[PDB]
Ligand SMILES: CCCCCCCC/C=C/CCCCCCCC(=O)O[C@@H](COC(=O)CCCCCCCCCCCCCCCCC)COP(=O)(O)OCCN
Ligand SMILES: CCCCCCCCCCCC
Ligand SMILES: CCCCCCCCCCCC
Ligand SMILES: CCCCCCCCCCCC
Ligand SMILES: CCCCCCCCCCCC
Ligand SMILES: CCCCCCCCCCCC
Ligand SMILES: CCCCCCCCCCCC
Ligand SMILES: CCCCCCCCCCCC
Ligand SMILES: CCCCCCCCCCCC
Ligand SMILES: CCCCCCCCCCCC
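Protein chains in written order, with the working numbering: chain A, 745 to 889; chain B, 133 to 396; chain C, 5 to 24; chain D, 77 to 125; chain E, 278 to 298; chain F, 278 to 298; chain G, 2 to 49; chain H, 3 to 98; chain I, 330 to 404.
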């Protein structure tokens, strides 16, 4: 019951304020509703509704779309495991020998395999400075055991 | 000169008067539907097309409620050119072919509005004209669409010349909506009367009740079922590829690395 | 004024005076 | 309507065989499609030249 | 054995459960 | 060209959309 | 509800003809119908 | 190149389904205004609320002076005003 | 035709259908139909002079536009 009298009072006050303001500033009888007032309120409502459906989609897509960080093999470790018992042939290379292919280099590879559509596709789709060069070392010295 | 004459005879003229807004809007609703369905750079493109369908429908409502033939002419001209230029921005298709087709129907019915004119009586909800059962169902469905009801109200208020505020405009819209629904029901009860004191038809009861029960079942049980089903699937064989036994012996230099791999 | 004219309704309007 | 099925063939003979004779066939069709209804009733026996 | 008369009845009455009458 | 009179009108009427009058 | 839809449709008709003075007046009827439940009973009587 | 997952759940359906659910519930929230605005035009479209605020303020005055017997009595008036819509019409008449 | 081919092919006539023919005093005109026939013929000629392996949906276009001409000649 305490909450009842509080609700009644709150509503009654809000009504009173509106009644008072209408007595202070009366609105002529039958005077449209002022184009601008309508445009404002209506516009805001429409924009709020736009931001309920479209804006989330926009934000979502924007964040998710960002994808793609170059990943190039640092080293080319070719272990040609030969001997069934003792696999060896571990002559391999690292970053100094590995050459991140440049834009011009990429064009070369793409053109080499241009006749085959999918071959060229692979190369071209992979971004420049993506295709890395496997300059694996072949010299030995490492005897085998 | 000739262009001016064409435009004069498209504005002043001496033609009839039809209201094909209902059909124009329906064409645009189908367009919206197929673009929404056609989410398949592409998400961004489909999102821009969404904003577009929407904005164009709003502008159309404005010109309809303000009965502007000149405004519709301008809109049509702009839209025709712009939609045809969007065919050049294909870089982000059956979906697009259908979108073009239904937009062509919209352009044809829009062109008709301009060359006919706007009729004096433009106000009045399409689905509240007759008081049958189909009108009832369609109206209720329109009210069930997330934001159509409220958009219609606010939009109409902004264009239509009223003395009332949004609050009071919405009041008369609510009253009318409820009154229509009641009228349709009253009319159908006069058309097909139900005998006095005639149970309620076992089958009708079984149907509605059953559906409600099943819906309640799917609130509690079905989620549990789905959850368990997905989570239960567990177990992918993981076998050591190699057996690397490094018997680190020498404290200083650990050795004994004789080991094997998959063949062994 | 708009306010007073939208808050002027009374019972006399709803009397059944030949409402066709 | 045979006068007109021939006009169809005239068009398609050009289309199929891509050449200069084909362009000429295309033109012969275009013409006798425009100025054709006239000589469908005036060339019936009156000079089908 | 759901008749068409029953089918409309069912539909309309579920509509009444949500919407008025 | 939003006047101050229009600006109060707008504000008050959005308040009426939510709150009473 | 026939008498109430007449009122509602008269508001719509009076907005198309742009005689907005009568819009205010017919809105007053609508709000009093919905401000006094007893008058709704009277106005929504089946026959008269 | 590597692809950093900037979705969290699932862009394809997880986030999508959540978005749909949000829209629907926001739908109902917004309907909550323009659906039953006509069920209050009896408690919100009162022409002159001066007599009711007097009642309300008298309850407050009678609680400050701690004459709580009259609090019960003035509360009875408030609840009957709001129990009979016709008396509200009488009491909220513009002039008299 | 604009749904089967694109760019300069079509996008001139469809635009004109929406902005000239359908936005006109009753029956389009005579010049519209003439320009339609003319454009379709020109398009055929230039596609024949090579776009390669040109398609001919302009056959059914030209012939429908000449059928309508016959219908309106008979009035
Ligand atoms: C033509 C195809 C129709 C479907 C279009 C697409 C479907 C979109 C969703 C439709 C779902 C239909 C369910 C309707 C349920 C009736 C309730 C209603 O208010 O329905 C309202 C319209 O509100 C809506 O926007 C419909 C969606 C309601 C949300 C219910 C969906 C359940 C999913 C969300 C679960 C949470 C529920 C909400 C959480 C808290 C919310 C505060 C209709 O009364 P009304 O006053 O205009 O009545 C006039 C006189 N009484
Ligand atoms: C009632 C709609 C008016 C505009 C929204 C008011 C601000 C609420 C924040 C929502 C973001 C638009
Ligand atoms: C339920 C209100 C009547 C609207 C008719 C179609 C609404 C959707 C219900 C069935 C859709 C599969
Ligand atoms: C009111 C209950 C009737 C059956 C539910 C209607 C369809 C709503 C989708 C919920 C899944 C059962
Ligand atoms: C008349 C349709 C059956 C009752 C409605 C239940 C919701 C749809 C389920 C089956 C659709 C035909
Ligand atoms: C397939 C089960 C329900 C899915 C949606 C149907 C909606 C039910 C409408 C109830 C009366 C039309
Ligand atoms: C997704 C389309 C199915 C419609 C959603 C539910 C419609 C019926 C539910 C309650 C009936 C008013
Ligand atoms: C008078 C403020 C403009 C109407 C209210 C919209 C919400 C705030 C947006 C801009 C704040 C000045
Ligand atoms: C900046 C856009 C809206 C953000 C919050 C403003 C709230 C709007 C109030 C509406 C009338 C005061
Ligand atoms: C975070 C501060 C912004 C105020 C939140 C919304 C206020 C206006 C929204 C609806 C108006 C009653």
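Where is the CB? At the ideal position from N, CA and C, for every residue including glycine.
When you compare each of B/177, B/384, B/186 to residue 809 of chain A by their alpha carbons, which one comes out closest?
Checking every option, the nearest Cα to that of residue 809 of chain A belongs to B/177.
Using 10 angstroms around the beta-carbon of residue 101 of chain D, count the other beta-carbons present and answer buried if the total reaches 16, otherwise exposed.
Residue 101 of chain D should be labelled buried.
So if DSSP puts residue 375 of chain B in a beta bridge, which residue, or which two residues, is it bridged to?
Answer is B/392, bridged to residue 375 of chain B.
Any beta carbon from chain H within less than 8 angstroms of residue 11 of chain C's own beta carbon?
So yes, residue 11 of chain C belongs to the interface.
Under 8 angstroms, do residue 40 of chain H and residue 314 of chain B count as touching if we go by C-beta distance?
No, Cβ-Cβ distance for residue 40 of chain H and residue 314 of chain B is not below 8 angstroms.
For the stretch 278-304 of chain B, which residues have a CB atom closer than 8 angstroms to at least one CB atom of chain J, in sequence order?
Of the protein chains in this structure, namely A, B, C, D, E, F, G, H and I, none is chain J.
Verify the contact flag: residue 288 of chain E, CB atom, against every heavy atom of ligand 5, threshold strictly below 7 angstroms.
Because some heavy atom of ligand 5 lies under 7 angstroms away, the Cβ of residue 288 of chain E counts as near it: yes.
Which residues of the stretch 13-42 of chain H have a Cβ closer than 9 angstroms to any Cβ of chain A? Give them in chain order.
Those residues of the stretch 13-42 of chain H that come within reach of chain A (Cβ to Cβ, closer than 9 angstroms) are 13, 17, 18, 21, 24, 25, 28, 29, 32.
Can you confirm whether residue 81 of chain H, when its beta carbon is compared against all beta carbons of chain G, has any partner nearer than 8 angstroms?
No, residue 81 of chain H does not count as interfacial toward chain G.
If we ignore side chains and look at the alpha-carbon of each, how far apart do residue 34 of chain H and residue 792 of chain A end up?
Whole-angstrom Cα-Cα distance: 16 angstroms.
Are the stretch 145-165 of chain B and the stretch 262-274 of chain B touching, with three or more C-beta to C-beta distances below 8 angstroms?
In short, these stretches do not touch, since the Cβ pair count stays below three.
For residue 3 of chain H, which of A/782, A/813, A/875, A/859 has the nearest alpha-carbon?
For residue 3 of chain H, the nearest C-alpha among the options comes from A/813.
Check whether chain G comes within 8 angstroms of residue 107 of chain H, counting only Cβ atoms and requiring the distance to be less than that.
Missing from the structure shown is residue 107 of chain H; chain H here goes from 3 to 98 and no further.
Does the beta carbon of residue 42 of chain G come closer than 8 angstroms to any beta carbon on chain B?
Closer than 8 angstroms: no.
Would you mind giving the Cβ-Cβ distance between residue 756 of chain A and residue 51 of chain H, rounded to the nearest angstrom? I have them listed as a contact below 8 angstroms.
Between residue 51 of chain H and residue 756 of chain A the Cβ distance is about 5 angstroms, and since that is below 8 angstroms, they are a contact.
Given 7 angstroms as the limit, tell me if residue 295 of chain F has its C-beta closer than that to any heavy atom belonging to ligand 10.
Flag set: Cβ of residue 295 of chain F near ligand 10.
Consider the C-beta atom of residue 241 of chain B and the heavy atoms of ligand 5; say whether any pair is separated by less than 7 angstroms.
False, no ligand heavy atom lies under 7 angstroms from that Cβ.
Residues in its own chain within less than 8 angstroms of residue 317 of chain B by CB, not counting five upstream and five downstream?
Result list for residue 317 of chain B: 268, in chain order.
Please report the straight-line C-alpha distance between residue 191 of chain B and residue 204 of chain B, rounded to a whole angstrom.
Rounded to the nearest angstrom, the two C-alpha atoms are 9 angstroms apart.
Examine chain I for any beta-carbon lying closer than 8 angstroms to the beta-carbon of residue 196 of chain B, and answer yes or no.
No - not a single Cβ of chain I is within 8 angstroms of the one on residue 196 of chain B.
Could you work out which residue in B/309, B/222, B/141, B/391 is closest to residue 352 of chain I when comparing CA atoms only?
Closest by alpha carbon: B/141.
So residue 849 of chain A is in the alpha helix (DSSP H); what residue range does that whole segment cover?
Where residue 849 of chain A is concerned, the enclosing alpha helix (DSSP H) stretches over 847-856.
Are at least three pairs of beta-carbons, each pair with one atom in the stretch 287-295 of chain B and one in the stretch 229-239 of chain B, less than 8 angstroms apart?
No, the stretch 287-295 of chain B is not in contact with the stretch 229-239 of chain B.
Quick check: does the Cβ of residue 291 of chain F come within less than 7 angstroms of any heavy atom belonging to ligand 9?
Flag set: Cβ of residue 291 of chain F near ligand 9.
With H, G and I counted as helix, E and B as strand and the rest as coil, what does DSSP make of residue 215 of chain B?
Correct three-state label for residue 215 of chain B: helix.
Using a threshold of 7 angstroms, is the CB atom of residue 155 of chain B nearer than that to any non-hydrogen atom of ligand 7?
It does not: the Cβ of residue 155 of chain B is nowhere closer than 7 angstroms to a heavy atom of ligand 7.
Would you list, in chain order, the members of the stretch 262-277 of chain B that have their beta-carbon closer than 8 angstroms to a beta-carbon of chain E?
Residues 265, 268, 269, 272, 275.
Does any residue of chain G bring its CB to less than 8 angstroms from the CB of residue 315 of chain B?
Chain G contact via Cβ: present.
Distance cutoff 8 angstroms, beta carbons only. Does residue 2 of chain G sit that close to anything in chain B?
It does: the Cβ of residue 2 of chain G has a partner Cβ on chain B nearer than 8 angstroms.
Give the interface partners of residue 45 of chain H over in chain A, defined as CB-CB distance under 8 angstroms, in chain order.
By Cβ distance, chain A contributes 755.
Let's test the definition: count the other Cβ atoms within 10 Å of the Cβ of residue 47 of chain H and tell me whether it reaches 16, buried, or not, exposed.
Buried, because 16 or more other Cβ atoms sit within 10 Å of the Cβ of residue 47 of chain H.
Is the stretch 859-878 of chain A touching the stretch 166-182 of chain B in the sense that three or more CB pairs, one from each, lie closer than 8 angstroms?
As far as the Cβ criterion goes, the stretch 166-182 of chain B does not touch the stretch 859-878 of chain A, which means the pair count is below three.
With H, G and I counted as helix, E and B as strand and the rest as coil, what does DSSP make of residue 6 of chain H?
If DSSP states are grouped into helix, strand and coil, residue 6 of chain H belongs with coil.
Which class does residue 281 of chain B belong to by DSSP, given the choice of helix, strand or coil?
Looking at residue 281 of chain B - three-state DSSP - the assignment turns out to be helix.
Output the residues surrounding ligand 4, defined as those with a CB atom closer than 5 angstroms to any ligand heavy atom, in chain order.
Here the residues come out as B/343, B/344, B/347, B/350.
Is it a yes or a no for the stretch 800-808 of chain A touching the stretch 7-14 of chain H, going by three-plus beta-carbon pairs under 8 angstroms?
Verdict: yes, contact present.
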